[PDB]
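# Take a look and give me a structure for this.
(chains A, B, C, D, E, F, G, H, I, J and K)
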Amino acid sequence: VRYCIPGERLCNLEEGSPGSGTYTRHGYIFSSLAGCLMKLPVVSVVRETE
Amino acid sequence: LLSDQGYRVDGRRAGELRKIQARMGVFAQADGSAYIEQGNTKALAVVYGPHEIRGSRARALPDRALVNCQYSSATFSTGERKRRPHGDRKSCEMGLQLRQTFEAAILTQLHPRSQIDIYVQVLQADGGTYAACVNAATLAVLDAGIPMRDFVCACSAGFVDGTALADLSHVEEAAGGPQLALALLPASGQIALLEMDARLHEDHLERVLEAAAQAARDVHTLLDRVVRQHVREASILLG
Amino acid sequence: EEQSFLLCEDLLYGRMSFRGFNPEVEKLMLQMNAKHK
Amino acid sequence: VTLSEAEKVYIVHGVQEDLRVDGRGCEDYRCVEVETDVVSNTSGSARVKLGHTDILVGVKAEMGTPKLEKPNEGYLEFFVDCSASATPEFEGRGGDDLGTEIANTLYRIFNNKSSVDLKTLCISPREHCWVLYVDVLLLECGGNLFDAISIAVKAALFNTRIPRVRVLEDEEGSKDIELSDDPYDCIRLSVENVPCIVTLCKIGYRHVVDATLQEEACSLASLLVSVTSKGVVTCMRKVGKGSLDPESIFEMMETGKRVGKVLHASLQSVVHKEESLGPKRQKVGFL
Amino acid sequence: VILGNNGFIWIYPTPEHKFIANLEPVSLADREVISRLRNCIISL
Amino acid sequence: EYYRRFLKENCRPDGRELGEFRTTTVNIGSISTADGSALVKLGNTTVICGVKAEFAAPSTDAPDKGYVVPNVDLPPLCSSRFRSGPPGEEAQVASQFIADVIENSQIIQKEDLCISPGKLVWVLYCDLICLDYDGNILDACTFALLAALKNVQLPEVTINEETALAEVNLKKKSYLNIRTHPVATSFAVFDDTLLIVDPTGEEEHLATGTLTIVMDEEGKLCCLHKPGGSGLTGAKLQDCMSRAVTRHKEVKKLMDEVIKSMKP
Amino acid sequence: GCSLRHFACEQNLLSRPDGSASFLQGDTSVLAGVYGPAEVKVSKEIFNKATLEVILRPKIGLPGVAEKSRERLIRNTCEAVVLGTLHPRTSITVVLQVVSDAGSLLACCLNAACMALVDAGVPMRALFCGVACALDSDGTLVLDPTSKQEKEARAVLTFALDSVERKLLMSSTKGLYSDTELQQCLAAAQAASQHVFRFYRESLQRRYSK
Amino acid sequence: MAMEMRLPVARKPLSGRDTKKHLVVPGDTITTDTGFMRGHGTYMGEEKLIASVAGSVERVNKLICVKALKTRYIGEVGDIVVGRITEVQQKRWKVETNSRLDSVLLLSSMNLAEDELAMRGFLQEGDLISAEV
Amino acid sequence: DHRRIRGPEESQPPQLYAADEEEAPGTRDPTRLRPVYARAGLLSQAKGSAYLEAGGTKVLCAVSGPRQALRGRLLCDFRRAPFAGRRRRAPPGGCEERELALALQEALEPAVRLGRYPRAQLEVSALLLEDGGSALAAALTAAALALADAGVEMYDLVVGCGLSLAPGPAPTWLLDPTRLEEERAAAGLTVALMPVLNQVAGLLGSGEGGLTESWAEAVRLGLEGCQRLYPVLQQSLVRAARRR
Amino acid sequence: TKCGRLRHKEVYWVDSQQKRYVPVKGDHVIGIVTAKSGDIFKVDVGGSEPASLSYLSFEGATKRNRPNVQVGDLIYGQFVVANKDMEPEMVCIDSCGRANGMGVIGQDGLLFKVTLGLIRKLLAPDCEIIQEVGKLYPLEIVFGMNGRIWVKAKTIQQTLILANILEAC
Amino acid sequence: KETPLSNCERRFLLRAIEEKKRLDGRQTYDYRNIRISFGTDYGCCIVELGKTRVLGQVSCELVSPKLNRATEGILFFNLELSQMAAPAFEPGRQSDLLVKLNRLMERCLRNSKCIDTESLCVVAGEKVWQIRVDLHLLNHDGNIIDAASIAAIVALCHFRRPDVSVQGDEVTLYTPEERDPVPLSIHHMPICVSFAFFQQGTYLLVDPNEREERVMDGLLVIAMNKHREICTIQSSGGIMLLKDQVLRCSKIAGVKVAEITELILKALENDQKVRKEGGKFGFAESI
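Residues are numbered from 1 along each chain as shown, chains lettered A, B, ... in the order given. Below is the structure in question.
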């Protein structure tokens, strides 16, 4: 388990697909919320309440 | 000293006006734009014409048009700097009387659900502000082609030493006391608006009112030339 | 339990006329009177 | 909402290859009109006309308390009336919003203590000093709003004539002040250290000086650099919704100081051409 | 060019194919001819 | 929830029972630039009180009295019920409450604020910004006011040779004197004569009536503020008095311990 | 020996409002006009209860902060006594204009508001009235003080009381009193409330003569 | 990088007009021959045809009207028009031209429920359209 | 005017009447940061909150949640506390506060993506309790952390640092000054950049004197300072998330 | 809940001279047309919220025949639904399906407003003023339970004297 | 949210105008029966123009003078529309009628030189009396102009100010217990008369009430004097009128100002003869 901040990158496009609460730059998937991540996987970062 | 041996402070008699020069079509960005000057009083008028209501859509009347007038004086008009925000009372009135005079003769009947805005900005006030604003707004409306009943002209008059005076300056409104401005449409002789703040006796009243109306007619015999001159040098370029 | 006021005490009629002034009005008033009586 | 996105992408592709919608280059102003001394009820007056946009500036003189922070010399005051003459969008209350912001920037442009020589404005210290009321009344807003205001306030401060007053004071109350005659009044301000604002609005890979309304509306962000005559740079500002990459700041800063030199020298030459030419002549025309 | 019967004039480069948004960049000579027509319309 | 949903439990849903004057902490002298500062945290309700001092001219009716002006501001920082711009109704009511508490209790003689009677006099601006609003803003406001006026230090001033002189860092600071100690306790009233102590936001909002008692040491009542009605009898007010004495004793112990801690 | 000064009460003066109550207490004078059930803006839509606005204006100066606190006290007393669950999504406006300030404004204001809510016809559970006591330096209390008795005294208390069981509805304070003084002023206020509640019934019989 | 400033040049009248078009200002009287119908840009006053907008006059065998020089666009049947989209209402779009009201474009005229939410996609708020009236 | 309790007519601060010569604080290292204490989620009734402390500078921020192409619009309100600083400002303010609010709004919109918020608005409220130093940058940092803990979508955090110039004969830029170092100062600058995307989000700095090279060096030094300052904010927001 | 004199009939009821009308189910009320919105058009009653009317509720109307209702004309009818929960709605038809004088009143007759206690006094079967008024000269009047009186006589002077004598007691 | 007027109301009322008959039964040239009542303290008046109640109060303080006018006292007027007067008079909604009444009252009773300002100055430049009058509209059923002018003149006549004694630089005021408050110096009593014009100036009416203002299209205000001097006139409503009409209107306005000046003098005499013998409020003639 790990919590993540919006600025830091997660993985490349070959290792994962942008599913929810993230965004995609050239060669990278960056998180876009403050919370924990869950996861050709679909990785997405959410917060515990909603 | 205001009038001795028939001559005034400016050096003009009791009947004649100031020198007034009106220029039409200043701001091509807007719809109708006029710039008028009566002596040293500068007036600038912009009308954006019959555009549809942008926001607050409950304001629209079903039969006739709506007229919105806003009076704003420049902050550097007189010697003392005055501030137009938090100094709204004098202005609110000066806007509502413009609303009255231009709901009087603008033919709102031809424009249902229509907003006509008349913005007047005064750049240098030297007495007779209201008449200059009404004349600027009339030239501005007749730029934009909103069809109205009559050419509208306004002037002012005072009463000193048994004689009536026309088109007062700031000096004559300062010390004197009897002011009387009126707005007039001369095709029918109907007085469109009266303003008078004085201690004037009843037996003189009719006299100064005649002189006031007479001054208004002189304005109608001058600005008309300008308008015709303007529209003549339109048509030569067209056909 | 009901705030009525016509079916509390007693009312009169609907559109009461006078002086055979109108016309259809007299008949309506008569009908109302008949209902009352 | 003011223009579509297809015409946005056409404008940005015109921008990247040095031909905008009017045919100007990357670093070219359009024609700029400067008129001195319009309003005859001020100490100083200027009118400035760029394409569609119109800025008129009047400067008066007043007497008042200097301050308590800086006691021995005077200060400046700014008020911008974003009037209802320009758009019906700001009619009753929206003008005081935008007309706030411009005014704030001007304070920064005159927060130097080396901008304009305030030691000239002192009458007698801690008692009476002059307060330059500078009022900016824009007639019609047509794009690139900050450049013409700076050009106008520089021209109006050049036209500013302050009357020579010396105050005699006695052991009594004695507020008697002279106001000597002969309106010769050589308290004309030294304007050569007064800065001008240049915008550098960014549209694509290339940055563009003097955007119009379309060219601002297609753009994301903008840099706001105030340049003096020689090389002196007063406050910088980022204006805009978008972001801005770091090396573009340095490129736009050098381009800004270049355009600042050109503007300043040309304005000094033009206003000296005004005062060299017939102060009783020329028949000053606002039509 | 489209000369509307209201006060609009629209200027667009001519297509050879003879809707969909063709968002390709227009060539430079075509752009400069487009911008020469616009300034002449302004002057008129 | 509902009135039955809070009434059928008949025990506070926080976990606190009844008459549980909840956890209060203070910080003393945290904000260094102001002359006096107080931070009060009671049951995640957070109030900062700050005191500024400025010279001014007294009135003609009161030539030697000294002004003190409280202002309780409620920004939208705390909760979503407060809007931007001018202060709402709640801030004005709380401001007039702090004002007439200062007026009625006489925690400071006005006459001690004089410098030269007729020409210059101190003005104490007491500004109170709420940070997180849950409930009982009046208690936290007046208690932060006490702690902040405990932190008030003023420098020596003297008018000599037509010049007013102040020596701030010249070791001439002195504590402003206090006469009394007013402490407020506020109660929430449900309609079935079940009155509770120190309500929270949902707890006050579904409740009908509100009562407030400000008490000195001796048993003097500063003000009895009760809008809202819902019926009341005097024996209930005697019970209110009997509990508010104990809460006054507790908060005096707490404030004395914190001042003795920040003695050096 | 504790008794009020002279009362005078008048109904139905104004034409346009839904209710009108003039209340003259000694020298002081409060006029109250109340609009009945009427239309609300959408922002104040409360589905259970009726919104109850109170505006209070003194005659000199524009109204300020303390008057806002007083009119909040008025709105809470009235919504405690106005049976407002019967009329949902309607607005009742209670307007008060101070005619003559001779001391104890809140008592005369509450009496005028009660008579105005009666005559306008808004359904209520009970009547309510206001009185005031003044505690001097010695401790002799005076019911309904004058401006000079209010000025000299060390404590001024204003109580709004209820008509069913004489319970305390509203209380306002300028003073430094103790609890036993509070209890005595409350008992004297209950006796004064008995007198005023008889005065309500006498005037309401004086109206319905025809 | 060069900039240019100049003194503002005063406008010149620049005169031969050679025009006989008959010109009116509002308030004056149109010459009345019996058998005129009516016109737009004028009104009836005191049983006399009074023009109401400054400009030239046009005479048809039955129609007498006043043609102005600067008006906003008037609705005419067979004209082609360019317009800018302002709002996306439920059954129609609002199109702004330089007419006295924002023009309306019903969905039933557009050649492409299934229409309601997809209406936003293929005609964006703020683009430029051209159509017949 | 009449919605607050009025008092005296005109008041003066004591520091102008105070007769003392306050010494300059001396010489320091240029890249000497202040220690940073930040924690997020402090408030309860707000959706997201942050508290930021640096030496003598305190700032708090909280975010009201979303309420009811189309695009979101975050309007931000910036109030200074009336007892921050030597002189006491008016409780409305009105002149300088709107000027700082425009800096906040024009620096936060590159951070918050707004395509995910149709027809909604966000209220960012910043409050400056103690004006110990760099006033605009700490407000930016705390507003960024409060928006991040509030749960709105972003691209990056916003880290801002202010600069200042000592008016000596050799102008040497100082980093993160104190209030006395601004009072002695001639010119002060403030930058803020998103460190991951490495783009400047907003720069506002009033000048007294300089040259084009010196402003460039100050900008790149401020970028180094914010990039340097980032990880403490990172670990603080991680701990605040671990409380959740 | 109100001040008044208690009266009983075999129900207990109190009456009060009050001006504002509360919407009560099944009363004869003169209302004023505010505007029309499609099938329904709204009517001002003088109560909390304006009521609704459907054009098919008038006598002998369908989609083929619109009843002639103009904005700003008074209408005599009765409420079918009137409670605290929703906005009220009225009709101009009987329970069997005919109009017993309901609908548009018309023009040329003075409208004014009185207290509800005056209507509850005048519309008793034992009354005094109405028989004298009918005895003196010709006229015709309409009462409305929200406190509204419409009058018409042959001439204007008798209409004014009728209005004064009706409202002045 | 106000109740709209019927079409039949308009038609019947215009048909009543076309035969010169009002609603209540008076003629065209008749004011309603007025009543003047006084408060307990000085300067509190209640004017009933007939189902229209206006409250008037005069307060007075000591304020430092305005700098340009060092030797006279300031008058400050406030006509505020109370909430109880009309159901559409929500605060902030009716700005137009508020400004239109406020400026008319201010121009009349300031620029008419009705009450003296030069009698008020205590110490030149330092201490001067400052008079603030407040008029509250309580019930709206007719001319607010006429009733407001009556209430303001009666309140200025009835007000008394506390005495001050000037000795050197000592300014010693007294309580109302220690000295009798002197009455205020009044030159003359100007008053307003409202005229209603119907269907483009064919039919002249005096004093319209509520329905009579809703059906009208023209309003005119003439302010006159005891000595038959015209103080102020103002037109409103957007009507067009010939000068013969205002020339015949001044005469009727002179007759009316004479009668109401008679009523105000009877009011003051009756109130003073009441207060000479035990103290009360002095009713006044209602005719």
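
# From here on, just use CA atoms for contacts and neighbour counts.
Will do.

# roughly how far out does the host helix or strand of residue F:174 sit from the chain middle?
Assigned by DSSP states H and E, residue F:174 belongs to strand F:173-175. Relative to the centre of its chain, strand F:173-175 is centred 22 Å away, using Cα atoms, centre = their mean, to the nearest Å.

# contacting residues for the residue of chain B positioned farthest from its centre?
Residue farthest from the centre of chain B, counting by Cα atoms, centre = their mean, is residue B:239 at 33.3 Å. Counting by Cα atoms under 8 Å, 6 or more residues apart in numbering or on different chains, residue B:239 makes contact with residue H:19.

# same deal with residue I:156?
A:6-8, A:32, I:111, I:194-197.

# Switch those over to a markdown table; also include distance to residue F:110.
Listed next are these as a markdown table, based on distance: Cα to Cα, whole Å:
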| residue | distance to residue F:110 |
| --- | --- |
| A:6 | 56 |
| A:7 | 57 |
| A:8 | 60 |
| A:32 | 58 |
| I:111 | 52 |
| I:194 | 54 |
| I:195 | 56 |
| I:196 | 58 |
| I:197 | 60 |
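
# Residues of chain B that sit close to chain K?
B:89-90, B:92-93, B:96-97, B:100-101, B:103-104, B:189-202, B:206, B:209 (Cα under 8 Å from any Cα of the partner chain).

# Now, of those residues, which are buried?
B:92-93, B:96-97, B:100-101, B:103-104, B:190-200, B:202, B:209 (16 or more other Cα atoms under 10 Å in any protein chain shown).

# Out of those, list just those in helices.
With DSSP state H as the criterion, helices contain B:92-93, B:96-97, B:100-101, B:103-104, B:209 from among these.

# of the residues you listed, closest to residue F:69?
residue B:92 (35.6 Å; Cα to Cα).

# hmm, the longest helix anywhere in chain J touching chain K?
Counting residues, the longest helix found in chain J (DSSP H) is helix J:156-167. Yes: against chain K, helix J:156-167 shows contacts by Cα under 8 Å from any Cα at J:156, J:160, J:164.

# what's that helix in contact with?
J:109-110, J:112, J:114, J:133, J:151-153, K:16, K:23-24.

# Which stretches in chain G count as helices?
G:65-81, G:105-120, G:147-152, G:179-207.

# out of the residues of helix J:156-167 next to chain K, which is most surrounded?
residue J:160 (21 neighbours; other Cα atoms under 10 Å in any protein chain shown).

# Is any residue of stretch E:26-37 near chain D?
Yes: applying Cα under 8 Å from any Cα, one finds stretch E:26-37 touching chain D at E:26, E:28, E:31-32, E:35-36.

# Check which helices and strands the strand holding residue F:174 sits against.
Using 3 or more Cα pairs under 8 Å, 6 or more residues apart in numbering or on different chains; DSSP states H and E as the contact test, the elements touching strand F:173-175 are strand F:153-160.

# tell me which element the closest residue to residue F:139 other than its chain neighbours is part of?
Distances taken as Cα to Cα, 6 or more residues apart in numbering or on different chains place residue F:184 nearest to residue F:139, at 5.3 Å, with adjacent residues excluded. Element membership for residue F:184 (DSSP H and E) is strand F:183-189.

# out of the residues of stretch E:26-37 next to chain D, which one sits closest to residue B:81?
Using Cα to Cα, the residues of stretch E:26-37 next to chain D come closest to residue B:81 at residue E:35, 47.0 Å.

# Dihedrals phi and psi, the closest one?
Backbone geometry at residue E:35, expressed as degrees, to the nearest 10, gives phi -80, psi -20.

# Can you pull the residues of chain J lying near chain G?
Residues of chain J lying near chain G (Cα under 8 Å from any Cα): J:1-3, J:16-20, J:22, J:47-49, J:84-85.

# so how many other residues sit close to the nearest residue to residue F:193 once chain neighbours are set aside?
Spatial nearest neighbour of residue F:193, excluding adjacent residues (Cα to Cα, 6+ apart): residue F:232 at 7.7 Å. Number of residues near residue F:232 (other Cα under 10 Å) recorded here: 19.

# Any residues of chain I in contact with chain F? List them.
Checking chain I against chain F by Cα under 8 Å from any Cα, the hits are I:3-14, I:17-20, I:43-46, I:61-64, I:81-86, I:88, I:125-126, I:129-130.

# Whichever of these end up buried, select them in PyMOL.
In PyMOL, this line selects whichever of the residues of chain I next to chain F come out buried by 16+ other Cα under 10 Å:
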select buried, chain I and resi 3+4+5+12+14+17+43+44+45+46+61+62+63+64+81+82+83+84+85+88+125+126+129+130
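
# The residues of chain I next to chain F also near chain G: which ones?
I:3-5.

# Point me to the residue of chain H nearest chain F.
Residue nearest to chain F within chain H (Cα to the nearest Cα): residue H:87, separated by 29.7 Å.

# so that residue bridges to which residues?
Residue H:87 forms beta bridges with residue H:94, as assigned by DSSP bridges.
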